[PDB]
Each structure stands twice: as structure tokens, then as C-alpha cells.
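K.L.:
Quick one: the structure is below, questions incoming.
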Amino acid sequence: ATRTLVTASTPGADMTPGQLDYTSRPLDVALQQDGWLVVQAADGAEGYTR
Amino acid sequence: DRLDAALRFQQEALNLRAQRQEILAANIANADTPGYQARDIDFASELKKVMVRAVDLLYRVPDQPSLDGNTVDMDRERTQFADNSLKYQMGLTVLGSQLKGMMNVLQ
């Protein structure tokens, strides 16, 4: 068994929080290290975002 | 029967060479199709059976796997094809020499 094909693959993601800037807008929010805002997706099932 | 059998040995050898050539050409032309298994005939055993007598072809072991399931290897098939062609021409020359000698005896 010599031939060994290679296929690309992507793990889930990287959860390092990004840099945040202060725009002083009254209702702009930034989460904690592992925070997630819940929204209602188009299909109806809830989803998480930042 | 005498002349018939004496020529028949080489005639059957030549026919077996031709059939093996046909099989080799088939499995070379079909060398780029998934799910195909390389086939060949045991020339020596087949000739021995025919001499005292619809051929029993058998699969060829692969040498390195391929995902699509192809087992025919082009280099080995080419070497076998060249060997078979040379054997066929050798048998043709021997048969022609025997026939020419037989004809020349009558002169």
C-alpha cells in the first residue's frame, strides 16, 4: 500500500476573540470570551452569533 | 495423424499465442476503466492440456492499489505484450521452417 491520496479538510473554527473598537453607539455590544448572542434563524431554529 | 499431428502441435501453440495476444490487447485497451480486473491465461498449462485435448482465464494479482479499482499495470502489460509478440514470431518461424523443409523434401 504505497499510494496515499490527500484531501483538504477544515475543522470547526478558531474562537479567539477579535479586537474591538469603541464607537460609543448606545446599543452596540461585545461578548465575553465565550459569549454568544442567540438569534432566530430563517428556518426558525435558534442560532448563535457574535 | 502423422503429418497432421506433427504440424498440429505447433499450430495449437500458435493459436494459443494468438488468443493470449487477444486477451493482452483487450486488457491493455481497457486499462483506464474503474472496476476492471486484469486477466491472463497460464500459457504452459493451457498448452499442455490442449496438446492432449474455451480457455480458463484467471485474474492477475495487483501490485499497488488504486482507488477506482483498476488492477491493470501498463508497464507489466507492455512487457508481457512484447514477450508474447516475440514468442508468436518465433513459433511462426519454426512452423514455416518445418513446412518449407517438408515441401523441399518432395523436390
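Here, A, B, ... name the chains of the C-alpha cells in the order displayed, residue numbers run from 1 inside each chain, and ligands are numbered from 1 in the same displayed order.
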Kindly provide the residues of chain A that approach chain B to within 10 Å, each paired with its closest atom pair and their distance in Å to one decimal, based on only C-alpha atoms, listed by chain and increasing number, as a tab-separated table.
P.N.:
residue	atom	partner	partner_atom	distance
A:1	CA	B:64	CA	6.1
A:2	CA	B:64	CA	6.6
A:3	CA	B:65	CA	6.9
A:4	CA	B:66	CA	9.6
A:5	CA	B:67	CA	9.0
K.L.:
Residues of chain A in strand (DSSP E or B) according to DSSP, as a list in words?
P.N.:
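The residues of chain A classed as strand (DSSP E or B) are residues 37, 38, 39, 40, 46, 47, 48 and 49 of chain A.
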K.L.:
Please provide the set of residues having any atom within 12 Å of residue 19 of chain A, restricted to only C-alpha atoms, with same-chain residues fewer than 6 positions apart removed, written as number ranges by chain.
P.N.:
A: 30-31, 33
K.L.:
How would the residues just picked look written out with C-alpha atoms as an mmCIF file, in the first residue's frame?
P.N.:
data_model
loop_
_atom_site.group_PDB
_atom_site.id
_atom_site.type_symbol
_atom_site.label_atom_id
_atom_site.label_comp_id
_atom_site.auth_asym_id
_atom_site.auth_seq_id
_atom_site.Cartn_x
_atom_site.Cartn_y
_atom_site.Cartn_z
ATOM 1 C CA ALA A 30 -19.405 42.891 22.637
ATOM 2 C CA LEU A 31 -19.435 39.491 24.303
ATOM 3 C CA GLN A 33 -14.501 35.217 25.994
#
K.L.:
Considering only C-alpha atoms, return as a ChimeraX atom specification whatever protein or nucleic-acid residues lie within 10 Å of residue 56 of chain B, sequence-local ones (same chain, fewer than 5 positions apart) excluded.
P.N.:
/B:40-42,46
K.L.:
What is the atom CA of residue 88 of chain B to atom CA of residue 1 of chain B distance in Å?
P.N.:
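Result for atom CA of residue 88 of chain B versus atom CA of residue 1 of chain B: 24.4 Å, one decimal.
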K.L.:
Which value, in Å to one decimal, gives the distance between atom CA of residue 32 of chain A and atom CA of residue 49 of chain A?
P.N.:
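We find that atom CA of residue 32 of chain A and atom CA of residue 49 of chain A lie 12.4 Å from each other.
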K.L.:
Out of B:70, B:84, B:45, B:97, which residue has the shortest atom-to-atom distance to residue 10 of chain B when counting only C-alpha atoms?
P.N.:
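Among the listed residues, B:97 lies closest to residue 10 of chain B.
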K.L.:
Select from chain B everything DSSP, run on the backbone, classes as alpha helix (DSSP H), then give the selection as a PyMOL selection string.
P.N.:
chain B and resi 3-29+43-52+74-105
K.L.:
Please list as a list in words every residue within 10 Å of segment 28-34 of chain B, counting only C-alpha atoms and excluding residues in the same chain fewer than 6 positions away.
P.N.:
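Residues meeting the cut-off are residues 22, 66, 67, 68, 69, 70, 71, 72, 73, 74, 77, 78 and 81 of chain B.
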K.L.:
Store the residues picked out above in a file with N, CA and C atoms, as a compact mmCIF listing (two decimals), in the first residue's frame.
P.N.:
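The resulting selection_3.txt:
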# COMPACT_ATOMS: atom_id res chain seq x y z
N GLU B 22 -4.73 -11.70 -27.96
CA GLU B 22 -6.03 -11.03 -27.95
C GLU B 22 -6.41 -10.60 -26.54
N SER B 66 -5.24 1.11 -6.37
CA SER B 66 -5.80 2.32 -6.95
C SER B 66 -7.24 2.46 -6.46
N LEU B 67 -7.64 3.70 -6.19
CA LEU B 67 -8.95 3.93 -5.59
C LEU B 67 -10.08 3.47 -6.51
N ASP B 68 -9.94 3.71 -7.81
CA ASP B 68 -11.01 3.38 -8.75
C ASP B 68 -11.18 1.88 -8.96
N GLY B 69 -10.28 1.05 -8.44
CA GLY B 69 -10.43 -0.38 -8.58
C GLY B 69 -9.77 -0.98 -9.80
N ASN B 70 -8.85 -0.27 -10.44
CA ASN B 70 -8.15 -0.80 -11.60
C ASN B 70 -6.90 -1.55 -11.17
N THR B 71 -6.71 -2.75 -11.72
CA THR B 71 -5.57 -3.59 -11.38
C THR B 71 -4.60 -3.78 -12.53
N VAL B 72 -4.92 -3.29 -13.73
CA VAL B 72 -4.02 -3.44 -14.86
C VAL B 72 -2.89 -2.44 -14.74
N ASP B 73 -1.65 -2.92 -14.84
CA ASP B 73 -0.47 -2.07 -14.78
C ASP B 73 0.17 -2.00 -16.16
N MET B 74 0.33 -0.78 -16.66
CA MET B 74 0.68 -0.59 -18.07
C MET B 74 2.06 -1.15 -18.39
N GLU B 77 1.96 -4.94 -18.49
CA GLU B 77 1.20 -5.38 -19.65
C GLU B 77 2.00 -5.18 -20.93
N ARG B 78 2.73 -4.08 -21.04
CA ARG B 78 3.55 -3.85 -22.23
C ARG B 78 4.67 -4.87 -22.34
N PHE B 81 3.14 -8.06 -23.46
CA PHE B 81 2.75 -7.97 -24.86
C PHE B 81 3.95 -8.16 -25.78
K.L.:
By how many Å are atom CA of residue 15 of chain A and atom CA of residue 41 of chain A apart?
P.N.:
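Between atom CA of residue 15 of chain A and atom CA of residue 41 of chain A the gap is 21.1 Å.
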K.L.:
Which residue gives the smallest distance to residue 37 of chain A among A:25, A:6, A:50, A:16, with only C-alpha atoms counted?
P.N.:
A:50
K.L.:
Determine the nearest neighbour of residue 27 of chain B from the options B:60, B:2, B:87, B:48, counting only C-alpha atoms.
P.N.:
B:60
